[PDB]
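This report concerns only the one structure given below.
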Amino acid sequence: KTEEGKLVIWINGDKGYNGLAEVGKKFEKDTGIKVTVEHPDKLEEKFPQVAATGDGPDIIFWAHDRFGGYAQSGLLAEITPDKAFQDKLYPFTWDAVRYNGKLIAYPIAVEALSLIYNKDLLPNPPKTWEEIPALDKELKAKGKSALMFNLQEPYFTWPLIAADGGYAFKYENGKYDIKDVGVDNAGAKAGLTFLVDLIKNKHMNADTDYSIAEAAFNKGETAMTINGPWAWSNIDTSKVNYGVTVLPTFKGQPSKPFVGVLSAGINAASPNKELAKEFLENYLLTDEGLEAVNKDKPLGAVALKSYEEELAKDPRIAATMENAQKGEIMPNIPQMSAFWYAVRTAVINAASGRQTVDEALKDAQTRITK
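In short: position in the sequence shown from 1, add 1251, done, that's my numbering.
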(Lines of atoms letter the chains of each structure in order from A and count residues from 1; the text may use other names and numbers.)
(Lines give C-alpha, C1' and ligand atoms only; values in the text may rest on other atoms or scores of the structure.)
Protein backbone atom coordinates (compact mmCIF):
# COMPACT_ATOMS: atom_id res chain seq x y z
CA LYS A 1 0.00 0.00 0.00
CA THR A 2 1.32 3.41 -1.03
CA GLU A 3 0.48 6.96 0.06
CA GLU A 4 -0.67 9.86 -2.11
CA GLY A 5 1.28 8.71 -5.16
CA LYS A 6 0.81 12.04 -6.93
CA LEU A 7 3.14 13.39 -9.62
CA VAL A 8 3.32 16.47 -11.84
CA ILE A 9 4.73 15.96 -15.34
CA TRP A 10 5.41 19.16 -17.27
CA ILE A 11 5.26 18.62 -21.03
CA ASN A 12 4.25 20.69 -24.06
CA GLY A 13 4.93 20.02 -27.73
CA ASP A 14 2.02 18.29 -29.46
CA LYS A 15 0.97 15.13 -27.62
CA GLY A 16 1.91 12.74 -24.83
CA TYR A 17 -0.64 13.66 -22.17
CA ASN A 18 -3.04 11.10 -23.65
CA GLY A 19 -0.45 8.35 -23.39
CA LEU A 20 0.76 9.29 -19.92
CA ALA A 21 -2.83 9.36 -18.67
CA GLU A 22 -3.25 5.67 -19.47
CA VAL A 23 -0.27 4.92 -17.22
CA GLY A 24 -1.83 6.86 -14.36
CA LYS A 25 -5.34 5.40 -14.56
CA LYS A 26 -3.70 1.98 -14.18
CA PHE A 27 -1.54 3.04 -11.23
CA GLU A 28 -4.33 4.73 -9.24
CA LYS A 29 -6.25 1.54 -9.98
CA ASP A 30 -4.47 0.09 -6.96
CA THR A 31 -5.86 2.76 -4.61
CA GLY A 32 -3.81 5.98 -4.66
CA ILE A 33 -1.73 6.84 -7.73
CA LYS A 34 -2.78 9.77 -9.92
CA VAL A 35 -0.49 11.75 -12.23
CA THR A 36 -1.02 15.28 -13.55
CA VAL A 37 -0.15 16.44 -17.06
CA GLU A 38 0.34 20.17 -17.63
CA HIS A 39 2.37 22.47 -19.88
CA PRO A 40 5.19 24.75 -18.61
CA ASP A 41 4.50 28.49 -18.60
CA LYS A 42 5.23 30.00 -15.18
CA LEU A 43 7.37 27.16 -13.81
CA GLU A 44 10.37 29.36 -14.65
CA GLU A 45 9.49 31.40 -11.56
CA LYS A 46 7.92 28.57 -9.55
CA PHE A 47 11.12 26.54 -9.89
CA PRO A 48 12.99 28.52 -7.17
CA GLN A 49 9.81 28.31 -5.08
CA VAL A 50 9.22 24.58 -5.56
CA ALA A 51 12.93 23.76 -5.41
CA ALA A 52 12.71 23.79 -1.61
CA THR A 53 9.25 22.23 -1.42
CA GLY A 54 6.31 24.10 -2.92
CA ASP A 55 4.11 21.02 -3.24
CA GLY A 56 5.84 17.69 -3.77
CA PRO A 57 6.64 16.05 -7.15
CA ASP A 58 8.26 17.82 -10.12
CA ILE A 59 9.34 16.44 -13.50
CA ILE A 60 9.79 18.41 -16.72
CA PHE A 61 10.86 17.23 -20.17
CA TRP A 62 13.55 19.41 -21.75
CA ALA A 63 16.64 19.20 -23.97
CA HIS A 64 20.02 18.01 -22.71
CA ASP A 65 21.54 21.36 -21.74
CA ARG A 66 18.10 22.85 -21.07
CA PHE A 67 17.64 20.51 -18.10
CA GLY A 68 20.79 18.43 -17.76
CA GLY A 69 22.92 21.48 -18.43
CA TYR A 70 21.01 23.79 -16.12
CA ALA A 71 20.01 21.33 -13.40
CA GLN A 72 23.64 20.23 -13.18
CA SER A 73 24.42 23.67 -11.75
CA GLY A 74 21.28 23.87 -9.63
CA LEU A 75 19.87 20.75 -7.99
CA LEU A 76 19.42 17.53 -9.97
CA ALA A 77 18.81 14.06 -8.54
CA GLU A 78 22.38 12.82 -8.96
CA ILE A 79 21.79 9.08 -9.22
CA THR A 80 24.48 6.55 -8.29
CA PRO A 81 26.03 3.82 -10.49
CA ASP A 82 24.16 0.71 -9.37
CA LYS A 83 21.52 -0.29 -11.92
CA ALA A 84 24.29 -0.12 -14.53
CA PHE A 85 25.34 -3.54 -13.24
CA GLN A 86 22.05 -5.41 -13.63
CA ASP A 87 21.16 -3.18 -16.58
CA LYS A 88 24.39 -3.88 -18.46
CA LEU A 89 23.90 -0.68 -20.47
CA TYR A 90 26.54 0.90 -22.71
CA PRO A 91 29.47 3.02 -21.42
CA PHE A 92 29.24 5.47 -24.31
CA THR A 93 25.72 6.37 -23.20
CA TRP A 94 26.88 7.03 -19.64
CA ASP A 95 30.23 8.62 -20.49
CA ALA A 96 28.35 11.12 -22.66
CA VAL A 97 26.78 12.52 -19.49
CA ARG A 98 29.59 12.28 -16.94
CA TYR A 99 30.08 15.57 -15.10
CA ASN A 100 32.69 15.45 -12.33
CA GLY A 101 31.42 12.12 -11.03
CA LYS A 102 27.62 12.05 -10.84
CA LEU A 103 24.53 11.43 -12.96
CA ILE A 104 22.73 14.73 -13.54
CA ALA A 105 21.09 13.89 -16.87
CA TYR A 106 18.53 11.32 -18.00
CA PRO A 107 18.05 10.98 -21.80
CA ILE A 108 14.72 9.51 -22.88
CA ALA A 109 14.39 10.59 -26.52
CA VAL A 110 17.18 10.47 -29.09
CA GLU A 111 16.31 12.85 -31.93
CA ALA A 112 18.64 14.26 -34.57
CA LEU A 113 18.86 15.38 -38.20
CA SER A 114 20.18 13.45 -41.20
CA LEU A 115 20.14 13.12 -44.99
CA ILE A 116 17.71 10.89 -46.89
CA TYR A 117 18.61 9.02 -50.08
CA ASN A 118 17.28 6.39 -52.48
CA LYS A 119 18.43 3.47 -54.63
CA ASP A 120 16.71 4.39 -57.90
CA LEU A 121 17.34 7.96 -59.06
CA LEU A 122 19.40 9.33 -56.17
CA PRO A 123 23.20 8.96 -56.54
CA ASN A 124 25.05 8.26 -53.29
CA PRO A 125 27.44 10.80 -51.67
CA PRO A 126 30.69 11.05 -53.70
CA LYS A 127 32.87 12.33 -50.86
CA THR A 128 32.74 16.01 -49.90
CA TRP A 129 30.62 19.05 -50.77
CA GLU A 130 33.03 20.00 -53.56
CA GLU A 131 31.46 17.10 -55.48
CA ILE A 132 27.89 18.29 -54.85
CA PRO A 133 28.06 20.50 -58.02
CA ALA A 134 28.92 17.45 -60.13
CA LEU A 135 25.69 15.74 -59.05
CA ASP A 136 23.57 18.75 -59.98
CA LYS A 137 25.00 19.23 -63.48
CA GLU A 138 24.54 15.49 -64.02
CA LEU A 139 21.02 15.29 -62.59
CA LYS A 140 19.76 18.33 -64.51
CA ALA A 141 21.18 16.67 -67.63
CA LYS A 142 18.07 14.47 -67.54
CA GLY A 143 15.40 16.16 -65.45
CA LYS A 144 16.41 16.42 -61.79
CA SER A 145 18.66 18.25 -59.34
CA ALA A 146 21.00 17.59 -56.41
CA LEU A 147 20.27 20.45 -54.01
CA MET A 148 17.03 21.78 -52.51
CA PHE A 149 16.68 23.37 -49.07
CA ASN A 150 16.32 26.60 -47.11
CA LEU A 151 19.00 29.29 -46.87
CA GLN A 152 18.12 31.70 -44.06
CA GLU A 153 17.23 28.90 -41.64
CA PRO A 154 18.50 28.71 -38.02
CA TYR A 155 20.86 26.02 -36.74
CA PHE A 156 21.81 25.47 -40.39
CA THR A 157 24.18 28.22 -41.54
CA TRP A 158 25.83 28.40 -38.11
CA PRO A 159 26.89 24.70 -37.95
CA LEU A 160 27.99 24.90 -41.58
CA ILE A 161 30.33 27.86 -41.18
CA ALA A 162 31.07 26.65 -37.65
CA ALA A 163 32.95 23.47 -38.54
CA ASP A 164 34.32 24.86 -41.80
CA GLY A 165 37.34 26.76 -40.51
CA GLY A 166 36.60 28.68 -37.33
CA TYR A 167 34.18 30.85 -35.38
CA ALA A 168 34.11 30.34 -31.61
CA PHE A 169 37.00 27.96 -30.92
CA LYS A 170 39.35 25.50 -32.62
CA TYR A 171 38.72 21.76 -32.39
CA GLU A 172 41.86 19.62 -32.13
CA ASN A 173 41.27 15.89 -31.69
CA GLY A 174 38.13 16.73 -29.74
CA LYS A 175 39.32 19.69 -27.68
CA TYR A 176 37.76 23.13 -27.30
CA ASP A 177 39.51 26.32 -26.19
CA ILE A 178 38.52 28.63 -23.34
CA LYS A 179 39.89 32.14 -23.85
CA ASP A 180 41.00 31.56 -27.44
CA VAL A 181 38.56 32.67 -30.14
CA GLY A 182 39.08 32.06 -33.85
CA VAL A 183 36.48 34.29 -35.48
CA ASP A 184 39.04 36.59 -37.09
CA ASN A 185 40.37 33.85 -39.38
CA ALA A 186 40.26 33.08 -43.10
CA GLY A 187 38.25 29.96 -42.32
CA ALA A 188 35.36 31.67 -40.55
CA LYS A 189 35.40 34.35 -43.26
CA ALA A 190 35.55 31.93 -46.19
CA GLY A 191 32.50 30.19 -44.74
CA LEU A 192 30.19 33.13 -44.08
CA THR A 193 31.32 34.54 -47.42
CA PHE A 194 30.34 31.31 -49.18
CA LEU A 195 26.88 30.85 -47.65
CA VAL A 196 26.14 34.57 -48.10
CA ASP A 197 27.21 34.88 -51.74
CA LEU A 198 25.03 31.86 -52.51
CA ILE A 199 22.00 34.11 -52.01
CA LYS A 200 23.14 37.22 -53.89
CA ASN A 201 24.71 34.97 -56.52
CA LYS A 202 21.36 33.29 -57.21
CA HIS A 203 18.33 35.59 -57.38
CA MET A 204 19.74 38.58 -55.46
CA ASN A 205 16.24 38.85 -53.98
CA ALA A 206 15.72 35.97 -51.55
CA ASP A 207 12.05 35.09 -52.05
CA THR A 208 12.28 31.58 -50.58
CA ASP A 209 10.39 30.91 -47.35
CA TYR A 210 10.52 27.94 -44.98
CA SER A 211 7.58 26.17 -46.58
CA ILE A 212 8.74 27.22 -50.05
CA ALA A 213 12.44 26.42 -49.83
CA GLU A 214 11.38 23.17 -48.18
CA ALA A 215 8.73 22.45 -50.81
CA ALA A 216 11.48 22.23 -53.43
CA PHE A 217 12.65 18.79 -52.31
CA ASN A 218 9.24 17.87 -50.92
CA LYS A 219 7.79 18.61 -54.36
CA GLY A 220 9.17 15.33 -55.69
CA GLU A 221 12.54 13.84 -54.77
CA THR A 222 15.98 15.34 -55.36
CA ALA A 223 19.46 14.65 -54.02
CA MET A 224 18.62 16.77 -50.97
CA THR A 225 16.06 15.82 -48.32
CA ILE A 226 16.59 16.63 -44.64
CA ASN A 227 14.07 15.93 -41.88
CA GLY A 228 13.52 18.22 -38.90
CA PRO A 229 10.93 19.69 -36.48
CA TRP A 230 7.95 19.34 -38.82
CA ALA A 231 7.06 15.71 -39.52
CA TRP A 232 9.27 13.08 -37.90
CA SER A 233 6.46 10.53 -37.65
CA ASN A 234 3.49 9.77 -39.91
CA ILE A 235 2.24 6.32 -38.91
CA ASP A 236 3.78 4.68 -41.97
CA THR A 237 5.18 5.33 -45.45
CA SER A 238 6.22 3.66 -48.70
CA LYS A 239 8.87 4.83 -51.17
CA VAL A 240 10.28 1.53 -52.45
CA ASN A 241 13.70 2.22 -50.93
CA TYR A 242 14.83 4.92 -48.50
CA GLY A 243 17.80 5.27 -46.17
CA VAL A 244 19.80 7.74 -44.10
CA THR A 245 23.37 8.98 -44.54
CA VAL A 246 25.69 11.30 -42.61
CA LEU A 247 26.36 14.84 -43.83
CA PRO A 248 29.39 15.28 -46.16
CA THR A 249 32.58 17.05 -45.09
CA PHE A 250 33.49 20.57 -46.18
CA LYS A 251 36.97 22.04 -46.64
CA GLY A 252 38.17 19.32 -44.27
CA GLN A 253 35.22 18.52 -42.02
CA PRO A 254 31.39 18.83 -42.04
CA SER A 255 29.25 21.07 -39.83
CA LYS A 256 29.12 20.67 -36.05
CA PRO A 257 25.95 18.70 -35.17
CA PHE A 258 24.97 17.03 -31.90
CA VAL A 259 22.65 14.47 -30.30
CA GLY A 260 19.15 15.52 -29.30
CA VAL A 261 18.43 13.67 -26.06
CA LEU A 262 15.61 14.83 -23.78
CA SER A 263 16.62 15.24 -20.14
CA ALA A 264 13.78 14.32 -17.78
CA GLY A 265 13.78 13.56 -14.06
CA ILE A 266 13.31 14.83 -10.52
CA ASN A 267 15.04 17.85 -8.99
CA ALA A 268 17.45 16.83 -6.22
CA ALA A 269 15.30 13.70 -5.76
CA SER A 270 13.81 15.56 -2.79
CA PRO A 271 10.16 14.46 -3.23
CA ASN A 272 10.29 10.67 -2.88
CA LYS A 273 13.81 9.68 -3.95
CA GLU A 274 12.90 5.98 -3.96
CA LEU A 275 9.55 6.14 -5.76
CA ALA A 276 11.04 8.74 -8.11
CA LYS A 277 13.73 6.45 -9.51
CA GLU A 278 11.55 3.34 -9.22
CA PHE A 279 8.63 5.08 -10.93
CA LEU A 280 10.95 6.18 -13.74
CA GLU A 281 12.46 2.70 -14.10
CA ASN A 282 9.27 0.71 -13.53
CA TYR A 283 6.95 3.16 -15.29
CA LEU A 284 8.78 5.02 -18.06
CA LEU A 285 11.84 3.16 -19.34
CA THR A 286 10.39 -0.33 -19.80
CA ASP A 287 8.55 -2.55 -22.28
CA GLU A 288 5.19 -1.39 -20.93
CA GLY A 289 6.42 2.11 -20.14
CA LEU A 290 7.48 3.39 -23.56
CA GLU A 291 4.68 1.18 -24.93
CA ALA A 292 2.42 4.17 -24.31
CA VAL A 293 4.48 6.90 -25.97
CA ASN A 294 6.09 4.68 -28.62
CA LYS A 295 2.53 3.81 -29.68
CA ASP A 296 0.33 6.73 -28.65
CA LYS A 297 2.71 9.53 -29.64
CA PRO A 298 5.82 8.21 -31.47
CA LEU A 299 8.89 10.32 -32.22
CA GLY A 300 12.04 8.39 -31.34
CA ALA A 301 13.57 5.46 -29.49
CA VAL A 302 15.64 4.85 -26.36
CA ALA A 303 19.27 3.72 -26.16
CA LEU A 304 18.53 0.28 -24.72
CA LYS A 305 21.06 -2.37 -25.75
CA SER A 306 18.38 -5.07 -25.64
CA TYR A 307 15.68 -3.04 -27.39
CA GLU A 308 18.33 -1.77 -29.81
CA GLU A 309 18.15 -5.21 -31.43
CA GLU A 310 14.62 -4.57 -32.68
CA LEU A 311 14.77 -0.77 -32.49
CA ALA A 312 17.39 -0.91 -35.25
CA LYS A 313 14.48 -1.56 -37.62
CA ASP A 314 13.52 2.11 -37.20
CA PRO A 315 15.59 4.82 -38.98
CA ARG A 316 14.98 7.32 -36.17
CA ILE A 317 17.77 5.89 -34.02
CA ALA A 318 19.67 4.55 -37.03
CA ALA A 319 20.25 8.13 -38.16
CA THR A 320 21.28 9.42 -34.73
CA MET A 321 23.55 6.46 -33.97
CA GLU A 322 25.40 7.26 -37.21
CA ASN A 323 26.78 10.59 -35.99
CA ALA A 324 26.54 9.56 -32.34
CA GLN A 325 28.74 6.53 -33.07
CA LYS A 326 31.88 8.67 -33.23
CA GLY A 327 30.69 11.57 -31.09
CA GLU A 328 28.08 14.33 -30.97
CA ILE A 329 27.18 16.14 -27.75
CA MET A 330 26.02 19.76 -27.57
CA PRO A 331 28.37 21.64 -25.17
CA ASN A 332 27.45 24.43 -22.76
CA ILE A 333 29.41 27.55 -23.78
CA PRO A 334 27.36 30.37 -22.16
CA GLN A 335 29.03 32.93 -24.43
CA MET A 336 26.76 31.60 -27.18
CA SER A 337 23.92 33.48 -25.49
CA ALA A 338 25.42 36.85 -26.42
CA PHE A 339 26.59 35.56 -29.80
CA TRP A 340 22.93 35.00 -30.68
CA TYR A 341 22.59 38.77 -31.03
CA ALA A 342 25.74 39.06 -33.14
CA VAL A 343 24.90 36.15 -35.44
CA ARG A 344 21.68 37.96 -36.34
CA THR A 345 23.04 41.44 -37.05
CA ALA A 346 25.95 39.74 -38.80
CA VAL A 347 23.97 37.41 -41.07
CA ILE A 348 20.66 39.28 -41.27
CA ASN A 349 22.28 42.61 -42.16
CA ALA A 350 24.77 40.98 -44.53
CA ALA A 351 21.77 39.35 -46.22
CA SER A 352 20.15 42.78 -46.68
CA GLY A 353 22.45 43.47 -49.62
CA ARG A 354 24.12 46.58 -48.22
CA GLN A 355 26.32 44.84 -45.65
CA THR A 356 29.54 42.82 -45.67
CA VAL A 357 30.92 40.21 -43.28
CA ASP A 358 34.12 42.27 -43.09
CA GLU A 359 32.17 44.72 -40.93
CA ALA A 360 30.35 42.28 -38.66
CA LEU A 361 33.55 40.25 -38.41
CA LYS A 362 36.15 43.01 -38.08
CA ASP A 363 33.93 45.21 -35.92
CA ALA A 364 33.12 42.16 -33.80
CA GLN A 365 36.81 41.41 -33.29
CA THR A 366 37.10 44.74 -31.46
CA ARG A 367 33.93 44.27 -29.41
CA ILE A 368 34.63 40.62 -28.58
CA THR A 369 38.03 41.65 -27.22
CA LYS A 370 37.11 44.93 -25.55
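All residues carry an ideal CB built from backbone N, CA and C; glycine is no exception.
Using a Cβ-Cβ cut-off of 6 Å (strictly less than) and excluding sequence neighbours within five positions of residue i, which residues of its own chain qualify?
i: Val1348; result: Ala1356
i: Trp1380; result: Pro1499, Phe1501
Should residue i be labelled buried (16 or more other beta-carbon atoms within 10 Å of its own) or exposed?
i: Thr1476; result: buried
i: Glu1465; result: buried
i: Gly1325; result: exposed
i: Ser1514; result: buried
i: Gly1319; result: buried
i: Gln1586; result: exposed
i: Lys1470; result: exposed
i: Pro1332; result: exposed
i: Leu1327; result: buried
i: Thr1571; result: buried
i: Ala1385; result: exposed
i: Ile1311; result: buried
Using C-beta distances below 7 Å, list every residue in its chain close to residue i, excluding the 5 sequence neighbours before and after it, in chain order.
i: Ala1414; result: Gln1504, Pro1505, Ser1506, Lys1507
Please return the same chain residues whose Cβ sits closer than 8 Å to the Cβ of residue i, not counting the five positions on each side in sequence.
i: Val1432; result: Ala1419, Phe1420, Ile1619
i: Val1497; result: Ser1365, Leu1366, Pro1505, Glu1573, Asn1574
i: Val1608; result: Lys1440, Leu1443, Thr1444, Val1447, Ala1597, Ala1601
Which residue from the options puts its Cα closest to that of residue i?
i: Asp1448; options: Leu1513, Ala1467, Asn1478, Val1598; result: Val1598
i: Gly1425; options: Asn1583, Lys1577, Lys1613, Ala1615; result: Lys1577
i: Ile1284; options: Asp1292, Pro1566, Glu1273; result: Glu1273
i: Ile1429; options: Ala1589, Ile1584, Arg1605, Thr1607; result: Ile1584
i: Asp1265; options: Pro1549, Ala1602, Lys1440; result: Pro1549
i: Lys1502; options: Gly1416, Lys1528, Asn1456, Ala1615; result: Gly1416
i: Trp1483; options: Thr1282, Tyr1350, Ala1360, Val1301; result: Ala1360
i: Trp1313; options: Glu1362, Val1495, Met1399, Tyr1592; result: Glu1362
i: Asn1518; options: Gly1256, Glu1255, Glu1254, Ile1260; result: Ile1260
i: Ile1412; options: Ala1611, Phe1445, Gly1270; result: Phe1445
i: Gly1438; options: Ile1450, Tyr1422, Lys1453, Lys1252; result: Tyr1422
i: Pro1291; options: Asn1269, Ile1262, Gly1270; result: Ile1262
i: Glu1254; options: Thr1282, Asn1269, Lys1276, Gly1270; result: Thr1282
i: residue 1626; options: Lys1621, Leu1535, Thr1617, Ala1474; result: The chain is shown from 1252 up to 1621; residue 1626 falls before or after that span and cannot be answered.
i: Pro1480; options: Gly1511, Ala1474, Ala1467; result: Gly1511
i: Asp1387; options: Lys1451, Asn1436, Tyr1350, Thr1473; result: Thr1473
Looking at the unbroken alpha helix (DSSP H) that takes in residue i, where does it start and where does it end?
i: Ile1463; result: 1461-1469
i: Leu1294; result: 1294-1301
i: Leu1562; result: 1559-1562
i: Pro1342; result: 1342-1346
i: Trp1591; result: 1587-1603
i: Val1447; result: 1437-1451
Where do the N-terminal and C-terminal ends of the beta strand (DSSP E) with residue i fall, by residue?
i: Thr1287; result: 1285-1289
i: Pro1358; result: 1358-1361
Discussion item. Across the region 1449-1468 and the region 1397-1405, are there enough close Cβ pairs to call them in contact, namely three or more that are closer than 8 Å?
Written reply: yes
Worksheet item: Should the region 1533-1544 be called in touch with the region 1331-1345, which here means at least 3 C-beta pairs below 8 Å?
Response: no
Worksheet item: Are there three or more Cβ pairs, one per stretch, closer than 8 Å when the region 1300-1320 is compared with the region 1516-1526?
Response: yes
Worksheet item: Are at least three pairs of beta-carbons, each pair with one atom in the region 1476-1490 and one in the region 1295-1303, less than 8 Å apart?
Response: no
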